[PDB]
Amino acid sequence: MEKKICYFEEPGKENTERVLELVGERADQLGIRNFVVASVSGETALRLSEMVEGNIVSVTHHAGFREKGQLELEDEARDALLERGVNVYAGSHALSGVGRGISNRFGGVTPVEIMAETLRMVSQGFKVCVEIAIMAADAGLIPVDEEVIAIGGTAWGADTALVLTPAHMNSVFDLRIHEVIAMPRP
């Protein structure tokens, strides 16, 4: 089958509305009731929870990513979303992990970090979609035998959306990517 795909001329927040727009169509065009978003402030899971219904999992950065100790999400939004039925999750990025701490001391690269860099060959959002997909799968916040739409972007906002089948951390290479709804061309 032939479907439309949107290539953002440039990566970034400028693109957040369109991405959420295609997510709506596709999701309905396919009957996907499972959504996984990368929202650190929450501005995205929110804008999405008011355009679709079903299962919205919002993943934010791990505790202390900008400044050790405190997490960039305030239970202030963790409620503005917990009200809308949106699941809220903070955990360790599955495509960095501890190998990240290591490489921070010693300065090399662990195997999963290479999975990330490779995925960033298409776009940054492309990589996070896969990452959050795994995170939620393992956190039991989403199915591993049903398609799902993961939403991500470059730094803030959204510019990448994928129709994919999550896989758990121990069966990570089972994760399949079915369709690319939107992505930054660069």
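Residue numbers run from 1 along the displayed sequence.
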query	finding
75-83 or 109-117, whichever carries the higher mean Cα B-factor	75-83
Average Cα temperature factor in the PDB entry - higher stretch of 144-152, 52-60	52-60
Member of 129, 27, 158, 139 with the greatest C-alpha B factor (per the PDB record)	139
Record-listed C-alpha B factor of residue 3: chain third	middle
Third of chain Cα B-factors occupied by residue 20	middle
Among modelled residues of the same chain, the CA temperature factor third for residue 175	lowest
Third assignment of residue 102 from its chain's C-alpha B-factors	middle
Modelled-residue ranking by C-alpha temperature factor, third containing residue 40	highest
